[PDB]
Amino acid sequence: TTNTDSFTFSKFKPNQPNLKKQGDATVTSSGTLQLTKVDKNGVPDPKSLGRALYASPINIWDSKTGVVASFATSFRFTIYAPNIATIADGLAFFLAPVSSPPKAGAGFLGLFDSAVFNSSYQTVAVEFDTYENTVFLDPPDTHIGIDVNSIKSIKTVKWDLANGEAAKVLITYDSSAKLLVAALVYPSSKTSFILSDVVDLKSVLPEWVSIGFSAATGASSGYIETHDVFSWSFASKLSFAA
């Protein structure tokens, strides 16, 4: 007995009513979702935080039956950094409760308030982290991480940013294997990165979540980068028994 919800934005459009935008999020004339503040020149600013949600909650689990949804989302994104040596803070795909407020900037990625684990967050996220928060146990490498009610990622893998180049991303969740899987590929320069782990979405998330993007820039001048999104598809399936 399956519900499904899916959409594909191959462009973005100014003021799109199917998209909830938060903090600094703009969608440009040219169709770019500009998650984080970027002046006329292309020049990203500090002290920024931006978010994008799909306008309707996704039913990721069902308490009557205990059935859990599988989902798959795909997106393409570009991090340009004026200076690659100083980069902060990163972007992320997440699933948080609905009407849940944006949270601290920088390392927090606009999804947390603190280094502390808290089951209250009810956030699961795949981060693309570009600055090392030693305070958070970040690997020293810029990384893909999987967060579960904590910015202190449960598992991380290296990810070598290709500055200004477009990354194609696939994020997967098999509900019967409880497997969350994230893969990033640079089409131009042909590199590849994968991270996978087990997350039991029912003990973590509410039945209904907002899905979308979060992004932050550095708390320090020069520690700046864009977080531009070009396209985004998603598809979730919630079957009620076998």
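Quick note: we count residues from 1 along the sequence shown, nothing fancier.
- In this entry, 137-145 has the higher mean Cα B-factor, the comparison being between 67-75 and 137-145.
- Note on 38-46 vs 170-178: mean CA B-factor is higher in 38-46.
- Take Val126, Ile154, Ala115, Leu95 and read off each C-alpha B-factor from the entry; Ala115 has the highest.
- Per the PDB record, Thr26 has a higher Cα B-factor than any other of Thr26, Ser210, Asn59, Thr191.
- Sort the modelled residues of the chain by CA B factor and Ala88 lands in the highest third.
- In the PDB entry, a CA B factor belonging to the middle third of its chain's modelled residues is recorded for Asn3.
- The deposited CA B-factor of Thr217 belongs to the middle third of values across its chain.
- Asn15 sits in the highest third of its chain by CA B factor, as recorded in the PDB entry.
- In the deposited entry, the Cα temperature factor of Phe9 places it in the middle third of its chain's modelled residues.
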